[PDB]
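> work_18.csv is reproduced below (CSV, N, CA and C atoms).
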chain,number,residue,atom,x,y,z
A,2894,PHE,N,104.7,97.2,88.2
A,2894,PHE,CA,105.5,96.9,89.3
A,2894,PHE,C,105.3,95.5,89.8
A,2895,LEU,N,104.1,94.9,89.5
A,2895,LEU,CA,103.9,93.5,89.9
A,2895,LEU,C,104.5,92.5,88.9
A,2896,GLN,N,104.3,92.8,87.6
A,2896,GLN,CA,104.4,91.8,86.6
A,2896,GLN,C,105.9,91.4,86.3
A,2897,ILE,N,106.7,92.4,85.9
A,2897,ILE,CA,108.0,92.2,85.4
A,2897,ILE,C,109.0,92.4,86.6
A,2898,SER,N,108.6,92.2,87.8
A,2898,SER,CA,109.4,92.3,89.0
A,2898,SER,C,109.8,90.9,89.5
A,2899,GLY,N,110.1,89.9,88.6
A,2899,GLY,CA,110.4,88.6,89.0
A,2899,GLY,C,109.1,87.9,89.4
A,2900,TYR,N,108.1,87.9,88.5
A,2900,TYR,CA,106.8,87.4,88.8
A,2900,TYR,C,106.2,86.7,87.6
A,2901,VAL,N,105.6,85.5,87.8
A,2901,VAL,CA,104.9,84.8,86.8
A,2901,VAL,C,103.6,84.2,87.4
A,2902,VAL,N,102.5,84.2,86.6
A,2902,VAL,CA,101.2,83.7,87.0
A,2902,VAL,C,100.8,82.7,85.9
A,2903,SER,N,100.4,81.5,86.3
A,2903,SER,CA,100.0,80.5,85.4
A,2903,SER,C,99.0,79.6,86.0
B,2705,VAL,N,81.1,91.2,91.6
B,2705,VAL,CA,81.6,89.8,92.0
B,2705,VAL,C,81.6,89.8,93.5
B,2706,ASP,N,80.6,89.2,94.1
B,2706,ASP,CA,80.6,89.0,95.5
B,2706,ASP,C,81.7,88.2,96.0
B,2707,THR,N,82.3,88.6,97.2
B,2707,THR,CA,83.4,87.9,97.8
B,2707,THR,C,83.1,87.8,99.3
B,2708,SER,N,83.3,86.6,99.9
B,2708,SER,CA,82.9,86.2,101.2
B,2708,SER,C,84.0,86.3,102.2
B,2709,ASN,N,85.1,85.6,102.0
B,2709,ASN,CA,86.2,85.5,103.0
B,2709,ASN,C,87.5,85.0,102.3
B,2710,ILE,N,88.5,85.0,103.1
B,2710,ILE,CA,89.9,84.7,102.6
B,2710,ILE,C,90.8,84.2,103.7
B,2711,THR,N,91.6,83.2,103.3
B,2711,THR,CA,92.7,82.7,104.2
B,2711,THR,C,94.0,82.8,103.4
B,2712,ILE,N,94.6,84.0,103.5
B,2712,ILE,CA,95.8,84.4,102.7
B,2712,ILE,C,97.0,83.7,103.2
B,2713,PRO,N,98.1,83.6,102.4
B,2713,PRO,CA,99.4,83.0,102.9
B,2713,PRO,C,100.3,84.0,103.5
B,2714,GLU,N,101.2,83.6,104.4
B,2714,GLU,CA,102.1,84.5,105.1
B,2714,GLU,C,103.0,85.2,104.2
B,2715,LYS,N,103.3,84.7,103.0
B,2715,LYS,CA,104.1,85.4,102.0
B,2715,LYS,C,103.6,86.8,101.6
B,2716,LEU,N,102.3,87.0,101.6
B,2716,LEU,CA,101.6,88.2,101.2
B,2716,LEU,C,101.6,89.2,102.3
B,2717,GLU,N,102.8,89.7,102.6
B,2717,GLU,CA,103.0,90.9,103.5
B,2717,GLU,C,104.0,91.9,103.0
B,2718,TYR,N,104.9,91.5,102.1
B,2718,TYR,CA,106.0,92.4,101.6
B,2718,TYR,C,105.6,93.2,100.4
B,2719,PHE,N,104.5,92.8,99.7
B,2719,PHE,CA,104.1,93.5,98.5
B,2719,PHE,C,103.7,94.9,98.9
B,2720,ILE,N,102.9,95.1,100.0
B,2720,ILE,CA,102.5,96.4,100.4
B,2720,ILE,C,103.7,97.2,101.0
B,2721,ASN,N,104.7,96.5,101.6
B,2721,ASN,CA,105.9,97.2,102.1
B,2721,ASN,C,106.7,97.7,100.9
B,2722,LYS,N,106.8,97.0,99.9
B,2722,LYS,CA,107.6,97.4,98.7
B,2722,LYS,C,106.8,98.3,97.8
B,2723,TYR,N,105.5,98.5,98.0
B,2723,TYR,CA,104.7,99.4,97.2
B,2723,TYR,C,105.2,100.9,97.4
B,2724,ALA,N,105.2,101.3,98.6
B,2724,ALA,CA,105.5,102.7,98.9
B,2724,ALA,C,107.0,103.1,98.6
B,2725,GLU,N,107.9,102.1,98.7
B,2725,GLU,CA,109.3,102.4,98.4
B,2725,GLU,C,109.4,102.8,96.9
B,2726,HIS,N,108.6,102.2,96.0
B,2726,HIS,CA,108.6,102.5,94.6
B,2726,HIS,C,107.6,103.6,94.2
B,2727,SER,N,106.6,103.8,95.0
B,2727,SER,CA,105.6,104.9,94.7
B,2727,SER,C,106.1,106.3,95.2
B,2728,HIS,N,106.9,106.3,96.2
B,2728,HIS,CA,107.5,107.6,96.6
B,2728,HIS,C,108.4,108.2,95.5
B,2729,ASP,N,109.0,107.4,94.6
B,2729,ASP,CA,109.7,107.9,93.5
B,2729,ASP,C,108.9,108.7,92.5
B,2730,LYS,N,107.7,108.1,92.2
B,2730,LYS,CA,106.8,108.8,91.3
B,2730,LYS,C,106.1,110.0,92.0
B,2731,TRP,N,105.9,110.0,93.4
B,2731,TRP,CA,105.4,111.1,94.1
B,2731,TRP,C,106.5,112.3,94.0
B,2732,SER,N,107.7,111.9,94.2
B,2732,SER,CA,108.8,112.9,94.1
B,2732,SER,C,108.9,113.5,92.7
B,2733,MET,N,108.7,112.6,91.7
B,2733,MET,CA,108.7,113.1,90.3
B,2733,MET,C,107.5,114.0,90.0
B,2734,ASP,N,106.4,113.7,90.6
B,2734,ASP,CA,105.2,114.6,90.4
B,2734,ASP,C,105.4,115.9,91.1
B,2735,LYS,N,105.9,116.0,92.3
B,2735,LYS,CA,106.0,117.2,93.1
B,2735,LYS,C,107.3,118.0,92.9
B,2736,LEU,N,108.4,117.4,92.2
B,2736,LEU,CA,109.6,118.1,92.0
B,2736,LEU,C,109.5,119.1,90.8
B,2737,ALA,N,108.6,118.8,89.8
B,2737,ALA,CA,108.4,119.7,88.8
B,2737,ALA,C,107.7,121.0,89.3
B,2738,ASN,N,106.9,120.8,90.3
B,2738,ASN,CA,106.3,122.0,91.0
B,2738,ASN,C,107.3,122.6,91.9
B,2739,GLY,N,106.9,123.6,92.8
B,2739,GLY,CA,107.7,124.2,93.7
B,2739,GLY,C,107.8,123.6,95.1
B,2740,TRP,N,107.7,122.3,95.1
B,2740,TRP,CA,107.7,121.5,96.3
B,2740,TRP,C,109.0,120.7,96.5
B,2741,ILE,N,109.6,120.8,97.7
B,2741,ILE,CA,110.9,120.2,98.0
B,2741,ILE,C,111.0,119.9,99.5
B,2742,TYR,N,111.9,119.1,99.9
B,2742,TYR,CA,112.1,118.9,101.3
B,2742,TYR,C,112.5,120.2,102.1
B,2743,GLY,N,112.2,120.2,103.4
B,2743,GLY,CA,112.5,121.3,104.2
B,2743,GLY,C,112.4,121.0,105.7
B,2744,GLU,N,112.1,122.0,106.5
B,2744,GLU,CA,112.1,121.9,107.9
B,2744,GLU,C,110.7,121.5,108.4
B,2745,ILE,N,109.7,122.2,108.1
B,2745,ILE,CA,108.3,122.0,108.7
B,2745,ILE,C,107.3,122.6,107.7
B,2746,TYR,N,106.1,122.0,107.7
B,2746,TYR,CA,105.0,122.5,106.8
B,2746,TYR,C,104.7,124.0,107.0
B,2747,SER,N,104.7,124.6,105.8
B,2747,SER,CA,104.4,126.1,105.8
B,2747,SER,C,104.1,126.4,104.3
B,2748,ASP,N,103.2,127.4,104.1
B,2748,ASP,CA,102.8,127.7,102.8
B,2748,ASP,C,103.9,128.5,102.0
B,2749,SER,N,104.7,129.2,102.7
B,2749,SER,CA,105.8,130.0,102.0
B,2749,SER,C,106.8,129.1,101.4
B,2750,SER,N,107.4,128.2,102.2
B,2750,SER,CA,108.4,127.3,101.8
B,2750,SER,C,107.9,126.1,101.0
B,2751,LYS,N,106.6,125.8,101.0
B,2751,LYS,CA,106.0,124.7,100.2
B,2751,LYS,C,106.5,123.4,100.7
B,2752,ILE,N,106.3,123.1,102.0
B,2752,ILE,CA,106.7,121.9,102.6
B,2752,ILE,C,105.5,121.2,103.1
B,2753,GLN,N,105.5,119.8,103.1
B,2753,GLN,CA,104.5,118.9,103.6
B,2753,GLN,C,105.1,118.0,104.6
B,2754,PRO,N,104.2,117.3,105.4
B,2754,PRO,CA,104.7,116.2,106.3
B,2754,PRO,C,105.0,114.9,105.6
B,2755,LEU,N,104.4,114.7,104.4
B,2755,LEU,CA,104.7,113.5,103.6
B,2755,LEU,C,106.2,113.6,103.0
B,2756,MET,N,106.7,114.8,102.8
B,2756,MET,CA,108.0,114.9,102.2
B,2756,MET,C,109.1,114.5,103.1
B,2757,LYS,N,109.3,113.1,103.2
B,2757,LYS,CA,110.3,112.5,104.0
B,2757,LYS,C,110.7,111.3,103.1
B,2758,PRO,N,111.8,110.5,103.5
B,2758,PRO,CA,112.1,109.3,102.7
B,2758,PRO,C,111.0,108.3,102.9
B,2759,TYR,N,111.0,107.3,101.9
B,2759,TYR,CA,109.9,106.3,101.9
B,2759,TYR,C,109.9,105.4,103.1
B,2760,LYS,N,111.1,105.2,103.7
B,2760,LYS,CA,111.1,104.4,104.9
B,2760,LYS,C,110.7,105.3,106.1
B,2761,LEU,N,111.0,106.6,106.1
B,2761,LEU,CA,110.8,107.5,107.2
B,2761,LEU,C,109.4,108.2,107.0
B,2762,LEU,N,108.4,107.4,106.9
B,2762,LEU,CA,107.0,107.9,106.9
B,2762,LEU,C,106.4,107.9,108.3
B,2763,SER,N,105.9,109.1,108.7
B,2763,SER,CA,105.5,109.2,110.0
B,2763,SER,C,104.2,108.4,110.3
B,2764,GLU,N,103.9,108.2,111.6
B,2764,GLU,CA,102.8,107.4,112.0
B,2764,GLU,C,101.5,108.2,111.7
B,2765,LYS,N,101.6,109.5,111.7
B,2765,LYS,CA,100.3,110.3,111.6
B,2765,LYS,C,99.8,110.2,110.2
B,2766,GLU,N,100.5,109.8,109.2
B,2766,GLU,CA,100.0,109.4,107.9
B,2766,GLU,C,100.8,108.2,107.3
B,2767,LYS,N,100.2,107.0,107.3
B,2767,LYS,CA,100.8,105.9,106.6
B,2767,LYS,C,99.8,105.2,105.7
B,2768,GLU,N,98.5,105.1,106.1
B,2768,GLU,CA,97.5,104.4,105.4
B,2768,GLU,C,97.1,105.0,104.0
B,2769,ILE,N,97.5,106.3,103.8
B,2769,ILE,CA,97.2,107.0,102.6
B,2769,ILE,C,97.8,106.3,101.4
B,2770,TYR,N,99.0,105.8,101.6
B,2770,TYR,CA,99.7,105.0,100.5
B,2770,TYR,C,99.1,103.6,100.4
B,2771,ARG,N,98.9,102.9,101.6
B,2771,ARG,CA,98.7,101.5,101.7
B,2771,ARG,C,97.2,101.0,101.6
B,2772,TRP,N,96.3,102.0,101.5
B,2772,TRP,CA,94.9,101.5,101.5
B,2772,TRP,C,94.5,100.8,100.2
B,2773,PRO,N,94.5,101.5,99.1
B,2773,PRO,CA,93.7,100.9,97.9
B,2773,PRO,C,94.6,100.0,97.0
B,2774,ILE,N,95.1,98.9,97.6
B,2774,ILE,CA,95.8,97.9,96.9
B,2774,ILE,C,95.3,96.5,97.4
B,2775,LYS,N,95.2,96.3,98.7
B,2775,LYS,CA,94.8,95.0,99.2
B,2775,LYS,C,93.4,94.6,98.9
B,2776,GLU,N,92.5,95.5,98.7
B,2776,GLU,CA,91.1,95.2,98.3
B,2776,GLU,C,91.0,94.7,96.9
B,2777,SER,N,92.0,94.8,96.1
B,2777,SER,CA,92.0,94.1,94.8
B,2777,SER,C,92.2,92.6,94.9
B,2778,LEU,N,93.1,92.2,95.8
B,2778,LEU,CA,93.5,90.8,95.9
B,2778,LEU,C,92.4,90.0,96.4
B,2779,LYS,N,91.4,90.5,97.1
B,2779,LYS,CA,90.3,89.7,97.5
B,2779,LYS,C,89.5,89.1,96.3
B,2780,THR,N,89.3,89.9,95.3
B,2780,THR,CA,88.5,89.4,94.1
B,2780,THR,C,89.3,88.3,93.4
B,2781,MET,N,90.6,88.4,93.4
B,2781,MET,CA,91.4,87.4,92.8
B,2781,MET,C,91.5,86.1,93.7
B,2782,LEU,N,92.0,86.3,94.9
B,2782,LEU,CA,92.4,85.1,95.7
B,2782,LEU,C,91.2,84.4,96.4
B,2783,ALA,N,90.0,85.1,96.5
B,2783,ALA,CA,88.9,84.5,97.1
B,2783,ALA,C,88.3,83.4,96.1
B,2784,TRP,N,88.1,83.8,94.9
B,2784,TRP,CA,87.7,82.8,93.8
B,2784,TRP,C,88.9,81.9,93.6
B,2785,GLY,N,90.1,82.3,93.8
B,2785,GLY,CA,91.3,81.5,93.8
B,2785,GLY,C,92.3,81.8,92.7
B,2786,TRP,N,92.4,83.0,92.3
B,2786,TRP,CA,93.4,83.4,91.3
B,2786,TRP,C,94.8,83.4,91.9
B,2787,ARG,N,95.8,83.3,91.0
B,2787,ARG,CA,97.1,83.0,91.4
B,2787,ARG,C,98.0,84.3,91.4
B,2788,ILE,N,99.0,84.3,92.3
B,2788,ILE,CA,99.9,85.4,92.5
B,2788,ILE,C,101.3,84.9,92.6
B,2789,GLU,N,101.6,83.8,91.9
B,2789,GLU,CA,102.9,83.1,92.0
B,2789,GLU,C,104.1,83.9,91.6
B,2790,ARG,N,105.3,83.4,91.8
B,2790,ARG,CA,106.5,84.1,91.7
B,2790,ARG,C,107.6,83.2,91.3
B,2791,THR,N,108.6,83.7,90.6
B,2791,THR,CA,109.8,83.0,90.2
B,2791,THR,C,110.8,83.2,91.3
B,2792,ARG,N,112.0,82.6,91.1
B,2792,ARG,CA,113.1,82.7,92.1
B,2792,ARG,C,114.0,83.9,91.8
B,2793,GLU,N,113.7,84.7,90.8
B,2793,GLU,CA,114.6,85.9,90.5
B,2793,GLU,C,114.4,87.0,91.4
B,2794,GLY,N,113.1,87.6,91.5
B,2794,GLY,CA,112.8,88.7,92.4
B,2794,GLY,C,113.1,90.0,91.9
B,2795,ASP,N,114.2,90.7,92.4
B,2795,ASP,CA,114.6,92.0,92.0
B,2795,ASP,C,115.0,92.0,90.5
B,2796,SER,N,114.1,92.6,89.6
B,2796,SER,CA,114.3,92.7,88.2
B,2796,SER,C,114.4,94.2,87.7
B,2797,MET,N,113.5,95.0,88.2
B,2797,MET,CA,113.4,96.4,87.8
B,2797,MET,C,114.5,97.3,88.4
B,2798,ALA,N,115.4,96.8,89.2
B,2798,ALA,CA,116.5,97.6,89.7
B,2798,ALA,C,117.5,97.9,88.6
B,2799,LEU,N,117.9,97.0,87.8
B,2799,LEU,CA,118.7,97.2,86.7
B,2799,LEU,C,117.9,98.0,85.6
B,2800,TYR,N,116.8,97.4,85.2
B,2800,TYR,CA,116.0,97.9,84.1
B,2800,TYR,C,115.2,99.1,84.6
B,2801,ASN,N,115.6,100.3,84.2
B,2801,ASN,CA,114.9,101.5,84.6
B,2801,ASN,C,113.5,101.6,84.0
B,2816,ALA,N,117.7,117.2,97.9
B,2816,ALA,CA,117.2,115.9,98.0
B,2816,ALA,C,118.1,115.1,99.0
B,2817,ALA,N,117.5,114.9,100.2
B,2817,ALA,CA,118.3,114.2,101.2
B,2817,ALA,C,118.4,112.7,100.9
B,2818,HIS,N,119.5,112.1,101.4
B,2818,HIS,CA,119.7,110.7,101.2
B,2818,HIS,C,120.0,110.3,99.8
B,2819,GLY,N,120.5,111.3,99.0
B,2819,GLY,CA,120.8,111.1,97.6
B,2819,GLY,C,119.6,110.7,96.8
B,2820,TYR,N,118.4,111.3,97.1
B,2820,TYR,CA,117.2,110.8,96.5
B,2820,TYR,C,117.0,111.4,95.1
B,2821,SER,N,116.4,110.6,94.2
B,2821,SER,CA,116.0,111.0,92.9
B,2821,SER,C,115.2,109.8,92.3
B,2822,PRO,N,114.3,110.1,91.3
B,2822,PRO,CA,113.4,109.0,90.8
B,2822,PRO,C,114.1,108.2,89.8
B,2823,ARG,N,113.6,107.0,89.6
B,2823,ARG,CA,114.1,106.0,88.7
B,2823,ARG,C,112.9,105.6,87.8
B,2824,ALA,N,112.6,106.3,86.8
B,2824,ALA,CA,111.4,106.2,86.0
B,2824,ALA,C,111.3,104.9,85.2
B,2825,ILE,N,110.3,104.1,85.6
B,2825,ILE,CA,110.0,102.9,84.8
B,2825,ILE,C,109.3,103.4,83.5
B,2826,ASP,N,109.7,102.7,82.4
B,2826,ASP,CA,109.2,103.0,81.1
B,2826,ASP,C,107.6,102.8,81.0
B,2827,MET,N,107.0,103.7,80.2
B,2827,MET,CA,105.6,103.7,80.0
B,2827,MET,C,105.2,103.4,78.6
B,2828,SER,N,106.1,103.5,77.6
B,2828,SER,CA,105.8,103.3,76.2
B,2828,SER,C,106.1,101.8,75.7
B,2829,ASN,N,106.0,100.9,76.7
B,2829,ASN,CA,106.3,99.5,76.4
B,2829,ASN,C,105.3,98.6,77.2
B,2830,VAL,N,104.5,97.9,76.6
B,2830,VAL,CA,103.5,97.0,77.3
B,2830,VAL,C,102.9,96.0,76.3
B,2831,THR,N,102.6,94.8,76.7
B,2831,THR,CA,101.9,93.8,75.9
B,2831,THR,C,101.0,93.1,76.9
B,2832,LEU,N,99.8,92.6,76.3
B,2832,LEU,CA,98.7,92.1,77.1
B,2832,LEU,C,98.2,90.8,76.4
B,2833,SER,N,97.7,89.9,77.3
B,2833,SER,CA,97.2,88.6,76.8
B,2833,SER,C,95.9,88.3,77.7
B,2834,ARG,N,95.5,87.0,77.7
B,2834,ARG,CA,94.3,86.6,78.5
B,2834,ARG,C,94.5,86.9,80.0
B,2835,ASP,N,95.4,86.3,80.6
B,2835,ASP,CA,95.5,86.5,82.1
B,2835,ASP,C,95.9,87.9,82.5
B,2836,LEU,N,96.7,88.5,81.6
B,2836,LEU,CA,97.3,89.8,82.0
B,2836,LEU,C,96.2,90.9,81.9
B,2837,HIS,N,95.5,91.0,80.8
B,2837,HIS,CA,94.3,91.9,80.7
B,2837,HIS,C,93.3,91.5,81.7
B,2838,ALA,N,93.1,90.2,82.0
B,2838,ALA,CA,92.1,89.8,83.0
B,2838,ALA,C,92.4,90.4,84.4
B,2839,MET,N,93.7,90.2,84.8
B,2839,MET,CA,94.1,90.7,86.1
B,2839,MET,C,94.0,92.2,86.2
B,2840,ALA,N,94.5,92.9,85.2
B,2840,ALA,CA,94.4,94.4,85.2
B,2840,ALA,C,93.0,94.9,85.3
B,2841,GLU,N,92.1,94.3,84.4
B,2841,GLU,CA,90.7,94.7,84.5
B,2841,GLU,C,90.0,94.3,85.8
B,2842,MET,N,90.4,93.2,86.4
B,2842,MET,CA,89.9,92.8,87.6
B,2842,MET,C,90.2,93.8,88.7
B,2843,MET,N,91.5,94.2,88.8
B,2843,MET,CA,91.8,95.1,89.9
B,2843,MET,C,91.2,96.5,89.7
B,2844,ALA,N,91.3,97.0,88.4
B,2844,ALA,CA,90.7,98.3,88.2
B,2844,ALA,C,89.2,98.3,88.4
B,2845,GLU,N,88.5,97.3,87.9
B,2845,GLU,CA,87.1,97.0,88.2
B,2845,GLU,C,86.8,97.1,89.7
What do you get writing this file as structure tokens?


Amino acid sequence: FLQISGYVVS
Amino acid sequence: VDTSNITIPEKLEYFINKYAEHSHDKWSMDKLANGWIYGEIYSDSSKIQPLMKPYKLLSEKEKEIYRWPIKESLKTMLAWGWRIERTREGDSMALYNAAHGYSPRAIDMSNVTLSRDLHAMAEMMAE
């Protein structure tokens, strides 16, 4: 629910 | 991993609001296979609960049951200073997959890939 819900972490 | 304090940003308030909206679909999918369904009032014969209402219409007598065990993960990330950034896209899983026309929208389970940061974040929160 967090990752591929319009989310990027870098 | 000891954690002391945190000064979180104002953006981190709608994650918990959007949690229950998507978790009630899996709760309905869990309890619809059984003999549980919406009704009038809690009773053992009709198999009714007070939770069985829409995800927005959750009573004050129980709300923290959904919202408790999420935010204590983000302390271990954000206190040391891990990132929770976001793109400009937002709603993605809407396209990619009973009062008020309710029914579940099952997210796929047989598709996943992991890397350094992804396995790190998953193991951090589950830890």

> Please, which residues of chain B lie no more than 6 Å from chain A when the count uses only N, CA and C atoms, and can they be set out as JSON, numbers by chain?

{"B": [2787, 2788, 2789, 2790, 2791, 2793, 2794, 2795, 2796, 2797]}

> What does the structure give for the distance between atom N of residue 2816 in chain B and atom N of residue 2724 in chain B, in Å to one decimal?

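Between these atoms lies a distance of 20.2 Å.
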
> What is the CA of residue 2759 in chain B to atom N of residue 2823 in chain B distance in Å?

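Separation between CA of residue 2759 in chain B and atom N of residue 2823 in chain B: 12.9 Å.
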
> Can you work out the spacing between CA of residue 2729 in chain B and atom N of residue 2821 in chain B in Å, to one decimal?

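Atom-to-atom, CA of residue 2729 in chain B to atom N of residue 2821 in chain B, that is 7.3 Å.
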
> When you look at range 2736-2749 of chain B with a cut-off of 7 Å (counting only N, CA and C atoms), what residues show up, excluding the ones that are within fewer than 6 positions of it in the same chain? I need them as JSON, numbers by chain.

{"B": [2756, 2757, 2816, 2817]}

> I'd like the neighbourhood of residue 2784 in chain B as an MDAnalysis selection string, where a residue qualifies if any of its atoms comes within 8 Å (using all atoms listed in the file), though same-chain residues fewer than 2 positions away should be ignored.

chainID B and resid 2706:2710 2778:2782 2786:2787

> Measuring between only C-alpha atoms, which one of B:2775, B:2752, B:2783, B:2766 shows the shortest distance to residue 2717 in chain B?

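Smallest separation from residue 2717 in chain B among the options: B:2775.
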
> Apply DSSP to the structure's backbone, then extract all residues of chain B labelled alpha helix (DSSP H) and return them as a PyMOL selection string.

chain B and resi 2718-2736+2768-2771+2775-2784+2834-2844

> Please identify all polymer residues within 12 Å of residue 2728 in chain B, counting only C-alpha atoms, omitting same-chain residues fewer than 2 positions from it, and present them as a ChimeraX atom specification.

/B:2721-2726,2730-2736,2755-2762,2769-2771,2820-2824
